[PDB]
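Visitor: Coordinates for the following, if possible.
(chains A and B, ligands or ions: 2)
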There are 2 protein chains.
Amino acid sequence: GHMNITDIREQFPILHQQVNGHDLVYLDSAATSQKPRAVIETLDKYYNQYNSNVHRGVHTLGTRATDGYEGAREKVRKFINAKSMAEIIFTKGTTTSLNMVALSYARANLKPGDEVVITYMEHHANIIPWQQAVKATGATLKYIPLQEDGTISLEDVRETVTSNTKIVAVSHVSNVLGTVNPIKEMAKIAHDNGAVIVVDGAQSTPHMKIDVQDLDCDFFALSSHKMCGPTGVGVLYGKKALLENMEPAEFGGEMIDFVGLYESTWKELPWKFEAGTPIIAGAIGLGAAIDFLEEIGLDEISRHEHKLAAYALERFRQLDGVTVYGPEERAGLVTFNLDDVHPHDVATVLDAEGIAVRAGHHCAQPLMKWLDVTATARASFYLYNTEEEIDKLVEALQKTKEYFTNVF
Amino acid sequence: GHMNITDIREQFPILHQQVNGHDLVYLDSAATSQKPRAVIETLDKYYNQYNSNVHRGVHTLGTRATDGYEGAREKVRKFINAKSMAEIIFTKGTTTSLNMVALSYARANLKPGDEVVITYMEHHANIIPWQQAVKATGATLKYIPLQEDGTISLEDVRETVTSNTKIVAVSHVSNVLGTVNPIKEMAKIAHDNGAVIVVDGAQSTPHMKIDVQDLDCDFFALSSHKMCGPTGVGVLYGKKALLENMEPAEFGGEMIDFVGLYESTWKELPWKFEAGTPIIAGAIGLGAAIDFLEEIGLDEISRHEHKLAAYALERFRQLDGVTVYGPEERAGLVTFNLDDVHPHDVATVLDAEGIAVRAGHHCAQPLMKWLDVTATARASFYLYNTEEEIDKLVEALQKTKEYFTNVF
Ligand SMILES: CC1=C/C(=N\Cc2c(COP(=O)(O)O)cnc(C)c2O)C(=O)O1
Ligand SMILES: CC1=C/C(=N\Cc2c(COP(=O)(O)O)cnc(C)c2O)C(=O)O1
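Guide: Numbering: from 1, shown residues only, chains lettered A, B, ... in the order given. Ligands and ions are numbered 1, 2, ... in the order given. See the structure here:
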């Protein structure tokens, strides 16, 4: 049952090195995660033994590669509990998945008077495609407001969503506040108003179980690179009845059935939405990442991260002059600022002690404006991090504070 | 100077195995190429040592990954002799690159009366995005006709292209006929009529030197998986003055400069066209494939493939009852049919002898209709193939012919 962190860290070769003469402390898994040998050796065995293009009815290596690629599609369907492989589309990442929904669903289903509803805590990937789609259609964009601790109340959702709302798009978990939003209840409110709900699951999928039947979301998007898998690949899930009626976002080989000089017809789902040679190795590697995380247990990973987040919030409250943003109940990250030290300089001095964090707006400029700052620092955690690494981070922040005070 | 094929094959681990009790003979590099250890160990060193998300001004591993990703962009610029890294955009593959030109350039620059000119030998990736763009704009699609040996004459180009033509899109090399089209002279004809030229370089880039300044093409697209590099990545080259005036195809983080609630502004080139976390490992691996092919020499690879194609065409002319399609002067592939044996069954029986070829329409249904067949078989070559492998293929075709005659 209970995960052993020593034995998990032993499977990630990149953790065992020094930076600037200190052991690496990597606390930037919300920007990207590190990979275990089970995934890296999956990519190696594919390119060393059975790489070939994918299709029905070809030679021996081509059949092995096709069985690998469509095998990985079934592992994804089981991992988020979708009803069918026709609802699982491989893309290059969360951002491309949400752009496909805005191009193929929203640009076809919006007209003047219609509304798209989003929230002030959304990442840019779940803001800009909607700004562009309402511009193209003459519709209206509206924002749900936040409570003072950076949570959403269902009363404010009901107030913002109306019978003119056609789409509500919302993060499952914020990559800055750590808030877990009440998606299942928000889906009920959208459906009761006649709208669909589009969920950005880039920060939830790596760190907690997803069940799209229980959430009842109409679309759900995620990225491999945040959940121990290769870069350059992601998924778009959509309910089959909505994908059946959407046109493709891109056109070419593999997604057609018949091509004449002027007109063509498309393949059935899910291939209708996969044009060209697919991301073969990366999707097979994402299937190996899923197998790896399922063998550990997503509920075990969630419980470890609950322990690390509770420990970090307590230890941050021990520091004078430090502000943390967002709620007490949260996922495994802390975004903060020191009084009087710019967050870029915090991240500079921490990297000189071996500690990797990120500073900036975290692709959420409207949220930074809501918080009344121009930038923040963020430490974010995953299954290979430990309480001793959080002690290193809070000791380094104390020394940073004393350093800049001495400078001034 | 002169390539040693023994020493090149020793670097591709996948070539050294048996299929169905016979040494593998892989003759399907136009569908995808195999990779050398220099590229596979590039991906391993990235995930074992320096994976992190990319950006200016971050921690030590993030700086190494950013220097790797933008380093690979400069290797691509030098490899096709573009003037600037602002003209080199990383995408998921040729098909996505041509869809970006059709969405962001053609849908903005076509109106009724305007024409897009293509050719009957084009792959579907360079047909369907134009069918869709002329549909959206009310413009007209026109085809340049072919000569009887599957070449294009510059007189027919001048006849088809007019002062109402705005875009000419054409393959550099056909993945079925093996024809090398006269792109530099076609670009002159397009420009003299007021049009831009879009070149599909998926089959030329792996196998011959590309110089986009000498070709004077306005856009050029290519795929990593055909040129010894990872799956899931490709390039779109465009002249800087045309990209500056095109809007992005996808929207999100990394491609913005300022994001307000309703309106945003974009980053400079090339990042304006790269939304979200990039294909970090795959682009670094494509840079290693470029370094590998440059150390061998693309002119040396082209000369090897000229020798293999001349040898194969002679040996095919020794077989009774076999038709080869396309011209005598050609790239390194042969597409053919046996009289009275369906090409699917040819590829079935060849794979039982260890030999991998492909049968079907090769994503070029209008060309198969021009050729008056419904499908063909294709053997295609690259730097690791040899004359002995072509002998195996022609001996297996003789035995296939005798087999089916005996059956009947
Ligand atoms: C460098 C960086 C990207 C980050 N976010 C990825 C992301 C994305 C974009 O995913 P991507 O297309 O894989 O970059 C969308 N929504 C949420 C909630 C995200 O966390 C981040 O937090 O730090
Ligand atoms: C399975 C298969 C794909 C093939 N073609 C890739 C290709 C493509 C599409 O490139 P992709 O997006 O990498 O699949 C466009 N133009 C030409 C001339 C091509 O050769 C092929 O010949 O066999």
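
Visitor: For the stretch 151-300 of chain A, which residues are neighbours of ligand 1?
Guide: When proximity is defined as Cβ under 6 Å from any ligand atom, the stretch 151-300 of chain A approaches ligand 1 at A:171, A:175, A:200, A:202, A:203, A:223, A:225. C-beta coordinates here come from the backbone N, C-alpha and C atoms, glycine included.

Visitor: Apologies, that question was intended for the stretch 301-408 of chain A.
Guide: Close to ligand 1, as judged by Cβ under 6 Å from any ligand atom, the stretch 301-408 of chain A has residues A:362, A:363.

Visitor: As a check, name the ranges of all helices in the stretch 301-408 of chain A.
Guide: For the stretch 301-408 of chain A, the helices defined by DSSP state H, counting those that start in this stretch occupy A:343-351, A:365-371, A:387-407.

Visitor: closest one to ligand 2 among these?
Guide: helix A:365-371 (34.0 Å; Cβ to the nearest ligand atom).

Visitor: is any part of the closest one close to chain B?
Guide: Yes - using Cβ under 8 Å from any Cβ of the partner chain, helix A:365-371 reaches chain B at A:365, A:366.

Visitor: Residue A:255: what's it in contact with?
Guide: Contacts for residue A:255 (Cβ atoms under 8 Å, 6 or more residues apart in numbering or on different chains) come out as A:248, A:266, A:267, A:271, A:272, A:273, A:274, A:275.

Visitor: is it true that residue A:14 touches residue B:52?
Guide: No - using Cβ atoms under 8 Å, residue A:14 is not in contact with residue B:52, being 9.1 Å away.

Visitor: Which members of the contacts of residue A:255 are the farthest-apart pair?
Guide: Using Cβ to Cβ, the contacts of residue A:255 span at most 10.9 Å, a distance reached by A:266 and A:274.

Visitor: Which one of the two is surrounded by more residues?
Guide: When neighbours are counted by other Cβ atoms under 10 Å in any protein chain shown, residue A:274 comes out ahead of the other of residue A:266 and residue A:274, with 24 against 17.

Visitor: Take the helices of the stretch 301-408 of chain A and write them to a markdown table, including mean neighbour count.
Guide: Shown next, in a markdown table, are the helices of the stretch 301-408 of chain A (neighbours: other Cβ atoms under 10 Å in any protein chain shown):
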| stretch | mean neighbour count |
| --- | --- |
| helix A:343-351 | 19 |
| helix A:365-371 | 20 |
| helix A:387-407 | 16 |
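
Visitor: wait, which of these is closest to residue A:145?
Guide: Comparison of the helices of the stretch 301-408 of chain A against residue A:145 by Cβ to Cβ identifies helix A:365-371 as nearest, at 9.1 Å.

Visitor: Who are the packing partners of the closest one?
Guide: When contacts are defined as 3 or more Cβ pairs under 8 Å, 6 or more residues apart in numbering or on different chains; DSSP states H and E, helix A:365-371 sits against strand B:256-259.

Visitor: in the strand it packs on, what's buried?
Guide: By neighbour count on 16 or more other Cβ atoms under 10 Å in any protein chain shown, the buried set for strand B:256-259 is B:256, B:259.

Visitor: Centre of the chain to that strand, how far?
Guide: Centre-to-centre, strand B:256-259 and its host chain are 34 Å apart (Cα atoms, centre = their mean, to the nearest Å).

Visitor: Tell me which residue in the stretch 301-408 of chain A sits closest to ligand 2.
Guide: Taking Cβ to the nearest ligand atom as the measure, the point where the stretch 301-408 of chain A comes nearest ligand 2 is residue A:363, at 28.2 Å.

Visitor: next one: phi and psi at that residue?
Guide: Phi and psi for residue A:363, reported as degrees, to the nearest 10, are phi 60, psi 40.

Visitor: can you give me the strands for the stretch 151-300 of chain A?
Guide: Counting by DSSP state E, counting those that start in this stretch, the stretch 151-300 of chain A has strands at residues A:165-171, A:196-200, A:219-223, A:234-238, A:256-259, A:264-266.

Visitor: Parallel or antiparallel, which strands does the longest one pair with?
Guide: Put plainly, it is strand A:165-171. Strand pairing for strand A:165-171, determined by DSSP bridges: strand A:115-119 (parallel), strand A:196-200 (parallel).

Visitor: Now do it and strand A:219-223, the angle between them.
Guide: Using axes from the mean of the first three to the mean of the last three Cα atoms, to 10 degrees, one finds that strand A:165-171 and strand A:219-223 are set 30 degrees apart in direction.

Visitor: Other residues contacting strand A:165-171?
Guide: With Cβ under 8 Å, 6+ apart as the test, strand A:165-171 has contacts from A:98, A:105-106, A:109-110, A:114-119, A:121-123, A:126, A:130, A:139, A:142, A:144, A:152, A:157, A:161, A:181, A:183, A:186, A:189-190, A:193-200, A:203.

Visitor: coming back round to it: name the member of the contacts of residue A:255 with the most neighbours.
Guide: Among these, the one with the most neighbours (other Cβ under 10 Å) is residue A:275, at 27 neighbours.

Visitor: got the contact list for that one?
Guide: A:248, A:250, A:251, A:252, A:253, A:254, A:255, B:95, B:96, B:99, B:125.

Visitor: ok, now with 6 Å
Guide: Shown in contact with residue A:275 (Cβ atoms under 6 Å, 6 or more residues apart in numbering or on different chains): A:250, A:251, A:252, A:255, B:95.

Visitor: Ok, residue A:334 next?
Guide: Neighbouring residues of residue A:334 by Cβ under 6 Å, 6+ apart: A:312, A:324, A:379.
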